[PDB]
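S.K.: Quick one, fold the following:
(chains A and B, ligands or ions: 4)
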Protein chains: 2
Amino acid sequence: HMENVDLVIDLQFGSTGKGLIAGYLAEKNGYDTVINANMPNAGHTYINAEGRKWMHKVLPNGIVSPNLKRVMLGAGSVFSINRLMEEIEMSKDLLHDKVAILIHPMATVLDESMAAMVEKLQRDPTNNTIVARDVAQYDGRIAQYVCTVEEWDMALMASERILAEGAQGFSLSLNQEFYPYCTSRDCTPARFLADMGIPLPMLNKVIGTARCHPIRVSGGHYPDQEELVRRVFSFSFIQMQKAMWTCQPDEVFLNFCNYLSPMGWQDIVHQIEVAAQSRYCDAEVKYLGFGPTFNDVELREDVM
Amino acid sequence: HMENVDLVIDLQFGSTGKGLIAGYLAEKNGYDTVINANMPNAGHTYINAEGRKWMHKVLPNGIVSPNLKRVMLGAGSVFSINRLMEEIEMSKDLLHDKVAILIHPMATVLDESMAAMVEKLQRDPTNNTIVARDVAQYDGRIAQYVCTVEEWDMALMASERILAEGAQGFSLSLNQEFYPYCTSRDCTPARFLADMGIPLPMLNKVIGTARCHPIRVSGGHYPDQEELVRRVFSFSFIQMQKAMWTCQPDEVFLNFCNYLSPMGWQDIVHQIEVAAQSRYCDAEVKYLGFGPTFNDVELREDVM
Ligand SMILES: Nc1ncnc2c1ncn2[C@@H]1O[C@H](COP(=O)(O)OP(=O)(O)O)[C@@H](O)[C@H]1O
Ligand SMILES: Nc1ncnc2c1ncn2[C@@H]1O[C@H](COP(=O)(O)OP(=O)(O)O)[C@@H](O)[C@H]1O
Ligand SMILES: [Cl-]
Ligand SMILES: [Cl-]
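M.R.: Residues are numbered from 1 along each chain as shown, chains lettered A, B, ... in the order given. Ligands and ions are numbered 1, 2, ... in the order given. Take a look:
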């Protein structure tokens, strides 16, 4: 019932490859429920051992789970039905009769991002075209997926193990120091759980994802980092401390280690752990990303 | 460092008298830090044993704490500087030199609510008049209180015991079934902690507040409840189950018991506990509100 939510969060600028560890964790743990509350994004990629690629902007990367029973798009979701239908059709095989795709009634339906989220907040009683409950009344494409709040809560209750997939990245948080060069929401576990309607006691663990060289999609960076519309930055220990403090991951996935010398990514493994420790976070780098595929995720304990 | 946040949340329509239990808990526990992220509201009232009244729309009711060291207005705060200054001046004595009032740099400054929250989300790089960091550059009134995100995190880190004061009420949640007849955000612990930038491991306990007869400030109600711009409703067990499920309070403050026969409020005590139990919530009604004052808060175990 409780402590059954593994929440994958990004500790930096949103391009740490959350999608990779989400897919990897889904395959390893076999979550019956996968959940997110994605707003429009460049996509989240997952590549399995067999080389099958999933580039999801809407659907959780966790849909690869062998025990997939429920696919849940949170209240905080801001999605294009077109994109959603495209992703469902592309994973048709994984989204069979025994897989329930639940769109939260209050998920924001994108017309044909900011204007959509704002229109939802406007709470215009006449506007029956912004939330999924309302759009589902004339758009049959989502009606089959759009559940009630009660059904949403009931789907979470009936979920054995849940993979929650946080969006963007911690430093892109609306209320982090880079404002207004940030996203429209906090990219913190508290906000993700809020946007997916996940009650706090359901949180099992936070899987924090990092890149050795964090990348920004023109935004502003941390003082202990420098540039190396993509802007590659050197690792920021301060970014990590801040991400550690707020996000408090239990486990860290350090990705794009393949782009650095052993000393390079190993130093960042140690830096992340120092940052975690410095911010009362028992987080340990457990997973290492050495490529975009399931096969490239290494247990940190096996490689260092 | 962690498990030091007592978060007072409202389980119904926002008029359960959260302010009363916040003030009561502040006096009993002596939190050095009191925190909220209030958007414009009708106010939160606290009356001490001596009869002193605090009607706060901006400041936490917890400022009454004998050990008050920090007063924190979260990133999610949407406040009038005028209202803030008025409340500070009225509690001047409680807000001495040894009390730091910290306004999150990303708190929304109300011009002279919806338009303010929206302007903040717009993230217009030219707009230096919406967030507290920016408004503090020309408005000295808040400059003295407006901290940096780092100082905000550092204030939470250095806090021994924190009273977090949730806003409005669970059924007023943006993503609860009453949408669009709801507030602009979820009124859930996850969202409150998100809006106050409180990392999830800092959560000690959730104090859920309820009224025997929930009141709506014209909105819609639960099917197991009926009406008895204020709309008084009979207790909704379904409302409680839903609030229990999401909010998962550890302790329940059942207020306005004074307006009901012993059997009336006692039945609701039992109903709340049944609702909690039915939704995997070990919540117990610990406090009973028999009036608007500190003296009127009773330990449930002492009266039934
Ligand atoms: N360690 C890695 N080395 C190289 N490419 C990788 C690695 N991890 C992921 N990728 C690729 O990097 C890109 C960005 O990752 P993606 O999942 O889309 O972003 P995010 O999940 O951070 O939003 C994808 O095309 C993905 O396949
Ligand atoms: N048990 C009670 N009986 C009578 N009046 C009460 C009781 N508890 C609180 N009040 C009063 O009810 C009003 C509403 O409470 P208030 O704290 O302002 O709302 P909330 O905290 O729910 O936003 C206040 O004027 C308060 O003094
Ligand atoms: Cl686990
Ligand atoms: Cl306690």
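S.K.: Mind jotting down where the helices sit in the stretch 201-304 of chain A?
M.R.: A:237-247, A:262-278, A:300-303 (DSSP state H, counting those that start in this stretch).
S.K.: Please list all residues in contact with the residue nearest to residue A:226 when sequence neighbours are not counted.
M.R.: Leaving out its chain neighbours, the residue that sits closest to residue A:226 by Cβ to Cβ, 6 or more residues apart in numbering or on different chains is residue A:234, at 5.5 Å. (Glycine included, C-beta is placed from N, CA and C.) By Cβ atoms under 8 Å, 6 or more residues apart in numbering or on different chains, the contact set of residue A:234 is A:213, A:225, A:226, A:228.
S.K.: and the residues you listed as CSV, adding distance to residue A:4 and neighbour count?
M.R.: Output for those, formatted as CSV (distance: Cβ to Cβ, whole Å; neighbours: other Cβ atoms under 10 Å in any protein chain shown):
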residue, distance to residue A:4, neighbour count
A:213, 34, 19
A:225, 36, 17
A:226, 41, 10
A:228, 39, 9
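S.K.: which one of the residues you listed is nearest residue B:61?
M.R.: Closest approach to residue B:61 among these (Cβ to Cβ): residue A:225, at 41.1 Å.
S.K.: so what's the closest residue to that closest one other than its chain neighbours up against?
M.R.: Distances taken as Cβ to Cβ, 6+ apart place residue A:236 nearest to residue A:225, at 3.6 Å, with adjacent residues excluded. By Cβ under 8 Å, 6+ apart, the residues touching residue A:236 are A:12, A:214, A:221, A:222, A:224, A:225.
S.K.: Out of the residues you listed, flag the one nearest to ligand 2.
M.R.: Of all the contacts of residue A:236, residue A:12 has the smallest distance to ligand 2: 38.3 Å, by Cβ to the nearest ligand atom.
S.K.: Okay, and the closest one sits in which element?
M.R.: For residue A:12, there is no host helix or strand (DSSP states H and E).
S.K.: try residue A:84
M.R.: Using DSSP H and E, residue A:84 sits in helix A:81-90.
S.K.: Any chance you could list what contacts that helix?
M.R.: With contacts defined as Cβ under 8 Å, 6+ apart, helix A:81-90 is touched by A:54, A:56-59, A:73, A:95, A:101, A:103, A:109-110, A:112, A:135, A:139, A:141-142.
S.K.: Buried subset of those, written for PyMOL?
M.R.: This is the PyMOL syntax for the buried subset of these, where burial follows 16 or more other Cβ atoms under 10 Å in any protein chain shown:
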select buried, chain A and resi 54+56+57+58+59+73+95+101+103+109+110+135+142
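S.K.: Of the contacts of helix A:81-90, which belong to helices?
M.R.: The helices, defined by DSSP state H, take in A:135, A:141, A:142 from the contacts of helix A:81-90.
S.K.: contacting residues around the nearest residue to the first one once chain neighbours are set aside?
M.R.: Distances taken as Cβ to Cβ, 6+ apart place residue A:109 nearest to residue A:135, at 4.1 Å, with adjacent residues excluded. In this structure, residue A:109 makes contact with A:79, A:80, A:81, A:116, A:129, A:130, A:131, A:132, A:135, A:139, A:142, judged by Cβ under 8 Å, 6+ apart.
S.K.: before we move on, what about residue A:179?
M.R.: Applying Cβ under 8 Å, 6+ apart to residue A:179 gives the contacts B:105, B:106, B:123, B:131, B:133.
S.K.: That one and residue A:13, how far apart?
M.R.: Counting by Cβ to Cβ, to the nearest Å, the gap from residue A:179 to residue A:13 is 14 Å.
S.K.: can you check residue A:213 too?
M.R.: For residue A:213, the distance to residue A:13 equals 10 Å [Cβ to Cβ].
S.K.: And for residue A:76?
M.R.: Residue A:76 is 20 Å from residue A:13, where distance means Cβ to Cβ.
S.K.: Next one: the closest residue to residue A:47 other than its chain neighbours relative to residue A:24, how far apart?
M.R.: Computed as Cβ to Cβ, 6+ apart, the closest residue to residue A:47 that is not its neighbour in sequence is residue A:293, at 4.2 Å. For residue A:293, the distance to residue A:24 equals 9 Å [Cβ to Cβ].
S.K.: More neighbours: the two, which one.
M.R.: Using other Cβ atoms under 10 Å in any protein chain shown as the criterion, residue A:293 and residue A:24 rank with residue A:24 on top: 28 against 20.
S.K.: which residue sits closest to the more buried one in space, ignoring its chain neighbours?
M.R.: That would be residue A:297: by Cβ to Cβ, 6+ apart, it lies 4.6 Å from residue A:24.
S.K.: Tell me how many other residues crowd that neighbour.
M.R.: Per other Cβ under 10 Å, the neighbour tally for residue A:297 reads 22.
S.K.: Would the longest strand belonging to chain A count as contacting chain B?
M.R.: Scanning chain A for the longest strand, with DSSP state E as the assignment, gives strand A:203-211. Yes - residues of strand A:203-211 are located near chain B by Cβ under 8 Å from any Cβ of the partner chain, namely A:203, A:206.
S.K.: now do stretch A:120-128
M.R.: Yes - judged by Cβ under 8 Å from any Cβ, stretch A:120-128 comes into contact with chain B at A:120, A:121, A:122, A:123, A:124, A:125, A:127.
S.K.: Show me the residues you listed that map onto strands.
M.R.: When the residues of stretch A:120-128 next to chain B are checked against strands (DSSP E), there are no matches.
S.K.: closest to chain B among the residues you listed?
M.R.: If you rank the residues of stretch A:120-128 next to chain B by distance to chain B using Cβ to the nearest Cβ, residue A:123 comes first, at 3.5 Å.
S.K.: from the stretch 201-304 of chain A, which residue is nearest to ligand 2?
M.R.: In the stretch 201-304 of chain A, the residue that lies nearest ligand 2 is residue A:201 (24.0 Å; Cβ to the nearest ligand atom).
S.K.: give me the number of residues near that residue?
M.R.: Number of residues near residue A:201 (other Cβ under 10 Å) recorded here: 19.
S.K.: swap in the one 3 residues further on?
M.R.: Counted with other Cβ under 10 Å, the neighbours of residue A:204 add up to 16.
S.K.: repeat for the one 10 residues further on
M.R.: If you count neighbours by other Cβ under 10 Å, residue A:214 ends up with 29.
S.K.: Residue A:232 versus the residue lying closest to it once chain neighbours are set aside, what's the distance?
M.R.: Nearest non-adjacent residue to residue A:214, counting by Cβ to Cβ, 6+ apart: residue A:12, 3.8 Å away. Using Cβ to Cβ, residue A:12 is found at 11 Å from residue A:232.
S.K.: In terms of neighbours, single out the busier of the two.
M.R.: Legend: neighbour count by other Cβ under 10 Å for residue A:12 and residue A:232, higher for residue A:12 (29 against 15).
S.K.: Might one say that that one is in contact with residue A:210?
M.R.: Yes - between residue A:12 and residue A:210 there is a contact under Cβ atoms under 8 Å: 5.8 Å.
S.K.: joint contacts of these two?
M.R.: Shared contacts of residue A:12 and residue A:210, defined by Cβ under 8 Å, 6+ apart, comprise A:240, A:243.
S.K.: got a list of what the nearest residue to residue A:21 once chain neighbours are set aside touches?
M.R.: Nearest residue to residue A:21, sequence neighbours excluded (Cβ to Cβ, 6+ apart): residue A:253, at 4.2 Å. The contact partners of residue A:253, taken as Cβ under 8 Å, 6+ apart, are A:8, A:16, A:20-21, A:207-210, A:285-289, A:297.
S.K.: still on that earlier bit, report the two of the contacts of residue A:179 separated the most.
M.R.: For the contacts of residue A:179, the farthest-apart pair by Cβ to Cβ is B:105 and B:123; their separation is 13.9 Å.
S.K.: Could you check which of the two is surrounded by more residues?
M.R.: Between residue B:105 and residue B:123, counted using other Cβ under 10 Å, residue B:105 has the larger neighbour count: 23 against 17.
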